[PDB]
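Residue numbers (PDB author numbering), protein chains in the order written: chain p, 24 to 256; chain v, 2 to 69; chain 8, 22 to 142; chain j, 2 to 253; chain AH, 58 to 113.
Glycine included, each C-beta is placed from N, C-alpha and C at the ideal position.
Input: a single structure, listed below in structure tokens.
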RNA sequence: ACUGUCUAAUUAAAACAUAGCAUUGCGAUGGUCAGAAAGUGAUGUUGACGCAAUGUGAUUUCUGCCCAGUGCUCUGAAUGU
RNA sequence: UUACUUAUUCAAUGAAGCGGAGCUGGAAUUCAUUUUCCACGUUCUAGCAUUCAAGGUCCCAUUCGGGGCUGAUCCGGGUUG
Ligand SMILES: [Mg+2]
Ligand SMILES: [Mg+2]
Ligand SMILES: [Mg+2]
Ligand SMILES: [Mg+2]
Ligand SMILES: [Mg+2]
Ligand SMILES: [Mg+2]
Ligand SMILES: [Mg+2]
Ligand SMILES: [Mg+2]
Ligand SMILES: [Mg+2]
Ligand SMILES: [Mg+2]
Ligand SMILES: [Mg+2]
Ligand SMILES: [Mg+2]
Ligand SMILES: [Mg+2]
Ligand SMILES: [Mg+2]
Ligand SMILES: [Mg+2]
Ligand SMILES: [Mg+2]
Ligand SMILES: [Mg+2]
Ligand SMILES: [Mg+2]
Ligand SMILES: [Mg+2]
Ligand SMILES: [Mg+2]
Ligand SMILES: [Mg+2]
Ligand SMILES: [Mg+2]
Ligand SMILES: [Mg+2]
Ligand SMILES: [Mg+2]
Ligand SMILES: [Mg+2]
């Protein structure tokens with residue numbers, strides 16, 4: 024009020040140098056950024072075959088979190104827990120004369136790609152988890168079809184790295200369960216039901232549907248409003 | 002194991018699933034430098050039977066050459 | 022939440038952390054001793070007749086001096102070896118490929134005296 | 002035989018442009034926010050002679066909308082523009098000699114110079130002293146504009162393509178005889194090394210298709226096909242007619 | 058010569074009026090009168106189109 | 001026509017050039033030209049009062065007839081190759 | 001044959017304001033209410049236009065300094081053709 028004044032500015036083309044604004048939409052990115060974005064786009068623009076694109080249909084965050092919840096009880100031995108187990112059965116077995124068992128039959132999530140494949144082939148898998156990222160996609164893509172044929176209930180899940188954490192690796196392509204402690208059997212059957220309902224049942228129909236063929240929005244609104252006026256005046 | 006499946010799939014080049022893959026990948030490569038380091042094999046079964054190993058000291062490079 | 026706010030359209034190489042070298046083993050294993058010392062800087066006196074004259078009439082000492090040495094290195098070395106104050110130092114390259122220093126002392130010192138103290142005449 | 006003269010020019014040794022004194026490329030302002038929505042004002046700070054050019058340049062300064070500073074442009078000067086004059090450039094801008102407007106925004110019969118081929122190229126057509134182009138019509142659906150270039154040709158370009166009102170200055174330059182070798186000499190001295198010209202018919206065979214013979218003469222038809230190959234094309238290339246042109250020129 | 062201007066005192070490089078070592082007096086005279094009259098007519102320009110909006 | 005230019009070391013000329021005159025190609029996704037190739041290059045800091053390609057040779061005067069041939073060219077033809 | 005754009009191609013720019021919607025106006029005539037289409041800070045003058053903007057507002061615990069929001073409407077990150 025007192026000696027203070029209201030100036031204000033005219034930003035109106037031909038006066039008053041423009042204020043600093045957010046140009047983030049316009050910044051010129053490094054090529055490696057430019058590509059990983061354009062790669063994402065090109066995959067959406069193209070028509071994508073049903074044997075791929077049966078991915079992108081991914082387990083919902085709820086059913087998944089319940090699935091991780093169960094799986095996380097089954098983690099493999101930590102480095103310490105094996106060193107620990109050994110000294111137990113290094114002593115007790117070699118002396119107390121139990122034959123190679125001072126240790127209980129372990130129950131753990133099964134992993135590694137070649138490991139899991141032969142498990143599915145051998146019908147030993149109760150549940151197979153498949154990641155959605157897996158850049159050389161071929162390592163994985165045959166798995167739903169393999170599972171479907173072997174009558175092994177499977178799910179496509181987000182987090183190749185989140186599958187990793189539960190096995191104590193940076194990443195894992197797959198995670199599977201074969202054995203389960205009798206205490207957890209019913210929770211599993213419940214998970215298997217919801218999962219089979221979202222994947223193994225829908226397999227045949229999904230197999231018929233191509234994906235992609237999706238426009239960007241500048242192209243979208245152009246044809247949304249062009250087909251809008253042309254037909255209905 | 003998985004490698005056997007990769008082998009057979011890769012023998013269908015004109016199959017719709019590989020035609021897609023071929024088309025997307027060939028664009029990406031052509032965007033990068035004519036010689037550029039590859040993080041991992043994109044044919045793990047092929048590398049494998051040519052003597053590749055996942056231990057430290059093995060390296061993959063990707064490269065472009067003109068045709069004709 | 023939402024994205025970063027950049028007000029500029031140029032993306033620049035992120036300013037990242039540069040670590041100083043911490044060698045696991047020494048470079049050359051012994052440091053080289055001083056490559057130009059006062060004894061290697063000033064080589065011989067120059068006793069030519071016309072040089073001896075600068076000593077008598079000019080209060081000036083003429084030395085053959087290392088080709089690798091500058092006016093600073095010459096001044097200091099004459100100062101340390103001969104216990105004398107230097108006024109100024111002029112130099113030139115002889116045409117046999119050697120360097121000649123014309124070294125004038127300060128008014129306090131007598132070049133002639135200092136010349137037959139070092140022992141030439 | 003030898004590589005003839007018109008083959009040696011492409012290697013650009015002694016044939017490159019003599020560029021040292023030139024004021025710098027003449028261009029329109031970059032096509033930006035101001036110019037495609039509003040207009041923007043400038044002052045011609047000077048109008049100046051460019052070396053090896055027929056027509057004067059005009060230095061025109063503007064304010065930088067995004068930063069505090071002045072930004073100076075080099076225009077080809079239209080006849081009648083003057084120092085101190087205000088120049089207006091943009092979609093919405095009054096129609097006056099010296100201003101730059103999109104071809105769509107001016108009525109037929111409008112006369113403009115330094116007109117862009119595509120929008121944004123900062124001008125292509127009608128830059129030589131005396132020249133202009135005329136707007137002969139509009140097609141508002143697909144927003145094109147039909148113009149007639151100095152050659153007589155009629156081309157159709159984007160109505161967004163910019164041009165500048167008026168004609169280029171220094172016209173009539175070619176009406177005055179050069180009168181002597183020296184005037185030509187100093188002329189090409191500031192252009193490139195094209196002068197003088199030896200006639201192929203005064204050369205030996207090694208040198209040129211026309212070379213040789215105990216009398217000077219071409220010896221075969223001097224009309225050469227497009228299909229001809231380098232070292233063959235000299236004389237009248239792809240001529241659809243030849244001989245003194247009788248009767249009115251001026252395409253219908 | 059340009060570098061000698063660094064060896065001389067500031068009074069040799071200026072005159073006491075605004076825009077002293079830069080513009081030519083009579084030029085400064087002009088940009089005063091011009092500034093003033095334009096800043097005035099700028100008021101005249103607003104209130105006239107302030108009424109034009111109100112009566113139309 | 002003039003002033004000008006060349007065969008250093010047998011030709012300085014009527015030869016070459018020149019202004020003037022005329023013809024030809026091209027609106028840039030181009031004309032002419034360079035390169036083994038290229039995200040290459042000359043014209044081009046260019047735009048037809050321009051660049052590129054030929055001829056004739058200042059002024060005055062005048063440049064007739066012939067498109068069958070060889071070229072060049074074409075909003076042409078079509079049931080032959 | 002003619003549409004599409006992501007391959008490929010061309011131009012531009014220290015990848016700055018693109019596309020879609022909304023505010024206020026208004027031409028417009030209402031056949032129930034808006035069915036729409038344009039707009040939507042700069043043109044007597046060879047001045048001046050920069051310190052994340054003054055203003056307004058909310059904070060830090062009132063220091064001197066300093067921050068947030070608004071001023072400058074939302075939404076999609078397709079740099080513009
Ligand atoms: Mg590695
Ligand atoms: Mg010296
Ligand atoms: Mg050059
Ligand atoms: Mg020459
Ligand atoms: Mg000639
Ligand atoms: Mg000639
Ligand atoms: Mg001859
Ligand atoms: Mg020949
Ligand atoms: Mg021939
Ligand atoms: Mg001949
Ligand atoms: Mg002849
Ligand atoms: Mg003074
Ligand atoms: Mg002051
Ligand atoms: Mg003579
Ligand atoms: Mg001779
Ligand atoms: Mg002579
Ligand atoms: Mg002679
Ligand atoms: Mg004549
Ligand atoms: Mg290339
Ligand atoms: Mg002659
Ligand atoms: Mg001529
Ligand atoms: Mg007659
Ligand atoms: Mg007759
Ligand atoms: Mg004939
Ligand atoms: Mg841009």
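Looking at the unbroken alpha helix (DSSP H) that takes in residue i, where does it start and where does it end?
| i | result |
| --- | --- |
| residue 39 (chain p) | Residue 39 (chain p) -> no alpha helix (DSSP H), and no H or E assigned at all. |
| residue 179 (chain j) | Here residue 179 (chain j) belongs to no alpha helix (DSSP H), and DSSP marks it neither H nor E. |
| residue 37 (chain 8) | Where residue 37 (chain 8) is concerned, there is no enclosing alpha helix (DSSP H), given that its DSSP letter is neither H nor E. |
| residue 216 (chain p) | 208–221 |
| residue 85 (chain AH) | 83–111 |
| residue 29 (chain j) | Taken as a continuous stretch (DSSP letters only), residue 29 (chain j) belongs to no alpha helix (DSSP H), as it is neither H nor E. |
| residue 110 (chain p) | 102–117 |
| residue 67 (chain p) | 54–68 |
| residue 253 (chain p) | 240–254 |
| residue 70 (chain 8) | 70–79 |
| residue 116 (chain j) | From DSSP, residue 116 (chain j) is part of no alpha helix (DSSP H); its letter is neither H nor E. |
With a cut-off of 8 Å on the beta carbons, I'd call residue i and residue j a contact; round off their distance for me.
| i | j | result |
| --- | --- | --- |
| residue 75 (chain j) | residue 58 (chain j) | 6 Å |
| residue 199 (chain p) | residue 133 (chain p) | 5 Å |
| residue 104 (chain j) | residue 152 (chain j) | Rounded, the Cβ-Cβ distance is 18 Å, inconsistent with contact. |
| residue 88 (chain j) | residue 100 (chain j) | 6 Å |
| residue 122 (chain 8) | residue 83 (chain 8) | 7 Å |
| residue 179 (chain p) | residue 80 (chain p) | 7 Å |
| residue 31 (chain 8) | residue 51 (chain p) | 7 Å |
| residue 148 (chain 8) | residue 126 (chain 8) | This structure leaves residue 148 (chain 8) out entirely; chain 8 is present only between 22 and 142. |
| residue 223 (chain j) | residue 237 (chain j) | 5 Å |
| residue 176 (chain p) | residue 143 (chain p) | About 10 Å; that fails the 8 Å criterion. |
Does residue i get closer than 8 Å to chain v when you measure Cβ to Cβ?
| i | result |
| --- | --- |
| residue 161 (chain p) | yes |
| residue 147 (chain p) | no |
| residue 101 (chain p) | no |
| residue 137 (chain p) | yes |
| residue 165 (chain p) | yes |
Looking at chain p, is there any beta carbon in it that lies within less than 8 Å of the beta carbon of residue i?
| i | result |
| --- | --- |
| residue 50 (chain v) | no |
| residue 36 (chain 8) | no |
| residue 92 (chain j) | no |
| residue 22 (chain 8) | no |
| residue 189 (chain j) | no |
| residue 60 (chain v) | no |
| residue 63 (chain v) | no |
| residue 69 (chain j) | yes |
| residue 42 (chain 8) | no |
| residue 61 (chain 8) | no |
What are the boundary residues of the beta strand (DSSP E) that includes residue i?
| i | result |
| --- | --- |
| residue 125 (chain j) | Careful: residue 125 (chain j) lies outside any beta strand (DSSP E) and carries neither H nor E. |
| residue 166 (chain p) | Run containing residue 166 (chain p): none in the beta strand (DSSP E); it sits in the alpha helix (DSSP H), 161–173. |
| residue 73 (chain j) | 71–77 |
| residue 44 (chain j) | 41–49 |
| residue 193 (chain p) | First-last for residue 193 (chain p): undefined, no H or E at that position. |
Review point. Given a limit of 7 Å on CB to CB distance, which residues of the region 34–50 of chain p reach chain j?
Key: Residues 36, 37, 40 and 41.
Check your understanding: If you measure beta-carbon to beta-carbon, which residues of the region 2–13 of chain v are closer than 8 Å to chain p?
Key -> The residues in question are 2, 3, 4, 6, 7, 10 and 11.
Exercise for review: Could you please tell me which residues of the region 27–39 of chain j, in chain order, have their CB closer than 8 Å to any CB of chain p?
Suggested key: 34, 35, 38 and 39
Practice item. Select from the region 37–65 of chain j all residues with a C-beta closer than 9 Å to any C-beta belonging to chain p, and list them in chain order. Key: For the region 37–65 of chain j, which is checked against every Cβ of chain p, the residues closer than 9 Å are 38, 39, 40, 41, 42, 64 and 65.
Check your understanding: What residues from the region 213–243 of chain p come within 8 Å of chain v, judged by C-beta to C-beta, listed N to C?
Key -> none
Review point. Hey, which residues come within less than 5 Å of ligand 6, measuring from Cβ to any heavy atom, in chain order?
Key: 198 (chain j) and 200 (chain j)
Check your understanding: In chain order, what residues of the region 49–74 of chain p put their CB closer than 7 Å to some CB of chain 8?
Key -> From the region 49–74 of chain p, only 49, 50, 51, 52 and 53 have a Cβ closer than 7 Å to chain 8.
Practice item. Anything with a beta carbon under 5 Å from a heavy atom of ligand 11 counts; list them all in chain order. Key: 217 (chain j) and 218 (chain j)
Point to revise | Contact residues within the region 26–42 of chain v, judged by C-beta distance below 7 Å to chain p | key: 28, 29 and 32
Check your understanding: Which residues count as close to ligand 10 when the rule is a CB under 5 Å from any of its heavy atoms, in chain order?
Key -> 213 (chain j), 214 (chain j) and 220 (chain j)
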